[PDB]
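Report on one structure; see the data block that follows.
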Amino acid sequence: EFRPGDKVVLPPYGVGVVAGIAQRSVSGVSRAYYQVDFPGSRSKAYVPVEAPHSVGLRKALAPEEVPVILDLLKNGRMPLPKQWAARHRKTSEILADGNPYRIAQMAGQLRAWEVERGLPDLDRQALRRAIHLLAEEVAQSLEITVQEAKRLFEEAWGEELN
Amino acid sequence: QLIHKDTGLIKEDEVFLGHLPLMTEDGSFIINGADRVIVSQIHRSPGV
Amino acid sequence: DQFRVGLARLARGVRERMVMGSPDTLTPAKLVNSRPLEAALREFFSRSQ
């Protein structure tokens, strides 16, 4: 369940607070619907209360989960196919998937490769867009704007952030 | 609003379209920084 | 008239983006377009008699 003021995630919307629940008229009878808003978008969202766990509606990590993610961010890697197709495809799916542990785990190998040989014009967006959801997630949990939030990664990276 | 056919999941998210020229006081728009005018047209009315 | 007939050219630019890529993660923020409409209006306001 999600109360009015719960801090949640709605892929790929990064983070947003739930405003409440309402009966939206969809087709036939109106099932209950959760409401996820994003002030840094001015968008809007309606999430069915039936199976919230099927839309990948997770919740912002707690301040306790910062170090673990950082540790899997600095070191943790993972092999990927050589031809750009499968590799970038996988990375993309992982991105839209909305999984901070997987996005960070990915960011690790992507980082190891970026300063070695160097990152293709594709995997670059697959890195940037990856660090984006992270930097904002940190801003949701620790309530510190993308300035400070991005200032976090600098430690477990070795370099600053864009 | 972009809605899934099966998932029953709703996604609204307002977007952008473009720029639509506005008419002045006198009744003539400004295209490419020039003062132009839209003259009326005439053709037979629809029907049998 | 030019707005609607120009908007249908956008509707087709809608039906080609959704039918591919990632049908799960999509928003109209990626499904719409400017030019099919923008150019449609810019055309009328200049070239028409």
Charges on Cβ only, +1 for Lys and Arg, -1 for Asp and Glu, centred on the Cα centroid of segment A:1-97; of A:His88, A:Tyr34, A:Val66, which one is farthest towards the dipole's positive end?
A:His88
Run through segment A:1-89 and list the trypsin sites (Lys or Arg not before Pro) located in a DSSP loop whose Cβ has at most 14 other Cβ atoms within 10 Å.
A:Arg24, A:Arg31, A:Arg42, A:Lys82
Count neighbours as other Cβ atoms within 10 Å of each site's Cβ, and list the trypsin sites (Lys or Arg not before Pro) in chain B that are DSSP loop with at most 13 such neighbours.
B:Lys5, B:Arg36, B:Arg44
So, with +1 on the Cβ of K and R and -1 on the Cβ of D and E, and no other charges, what is the size of the charge dipole of segment A:29-162 about its Cα centre, to the nearest 20 debye?
620 debye
Please identify, among B:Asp13, B:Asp26, B:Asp35, the residue showing maximal mean-square fluctuation in a Gaussian network model of chain B using a 10 angstrom Cα cutoff.
B:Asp13
Enumerate the amide H contacts of B:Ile31 below 5 Å, restricted to partners 5 or more residues apart or on another chain; note that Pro and chain-start residues carry no placed amide H.
B:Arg36
Starting from the 7 Å offset along Cα-to-Cβ, what nm value, one decimal, do you get for the label separation of C:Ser22 and C:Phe3?
3.5 nm
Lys and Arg at +1, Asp and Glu at -1: neighbours of B:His4 with Cβ under 9 Å from its Cβ sum to 0
If you plug each phi of segment A:29-43 into the Karplus form 6.51 cos²θ - 1.76 cosθ + 1.60 with θ = phi - 60°, what whole-Hz ³J(HN,Hα) values come out, in order, with x for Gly and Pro?
3, 9, 6, 4, 9, 6, 10, 10, 10, 9, x, x, 10, 6, 7
Any idea what the relative contact order of chain C is, in percent, if you count C-alpha pairs under 8 Å spaced at least 6 apart?
54 percent
For A:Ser43, what residues show an amide H to amide H distance below 5 Å, using hydrogens built from the backbone and excluding near sequence neighbours?
A:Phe38
Table column - 3J(HN,Hα) (Hz), segment B:11-17, Karplus curve with 6.51, -1.76, 1.60, x for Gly and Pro:
9, 9, 6, 3, 10, 10, 10
Chain A, helix-only ellipticity at 222 nm - DSSP H runs n ≥ 4, -39,500 (n - 2.57), divided by all residues, nearest 500
-14000 deg cm²/dmol
Electrostatic dipole magnitude of the protein assembly as shown [Cβ: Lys, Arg +1; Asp, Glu -1; Cα centre; debye, to 20]:
1060 debye
Evaluate peptide C:17-29: per residue, the Cβ atoms of other protein chains within 10 Å of its Cβ; return the mean as an integer.
5
Under a point spin-label approximation (7 Å from Cα along Cα-to-Cβ), what is the A:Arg128-B:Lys5 distance to one decimal in nm?
3.4 nm
Where a ≥ b ≥ c are the square roots of the eigenvalues of the C-alpha gyration tensor, would you call chain A rounded, which needs a/c under 1.5, or, failing that, prolate if a/b is larger than b/c, or oblate?
prolate
Show me the GluC sites (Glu not before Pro) within chain C that DSSP assigns to loop and that have at most 14 other Cβ atoms within 10 Å of their Cβ.
C:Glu16
So, with +1 on the Cβ of K and R and -1 on the Cβ of D and E, and no other charges, what is the size of the charge dipole of chain B about its Cα centre, to the nearest 20 debye?
320 debye
Among B:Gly18, B:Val39, B:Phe29, pick out the residue whose Cα is farthest towards the positive end of the charge dipole of chain B, where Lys and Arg carry +1 and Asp and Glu carry -1 on C-beta, about the Cα centre.
B:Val39
Evaluate peptide C:31-39: per residue, the Cβ atoms of other protein chains within 10 Å of its Cβ; return the mean as an integer.
3
Can you work out the Karplus-derived ³J(HN,Hα) for every residue in segment B:27-34? Use 6.51 cos²θ - 1.76 cosθ + 1.60 with θ = phi - 60°, whole Hz, and x for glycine or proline.
x, 9, 6, 10, 10, 6, x, 10
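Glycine gets a Cβ as well: all are built from the backbone with ideal geometry, and neighbour counts include every protein chain shown. Just so you know, all these numbers are worked out from the coordinates, no wet-lab data involved.
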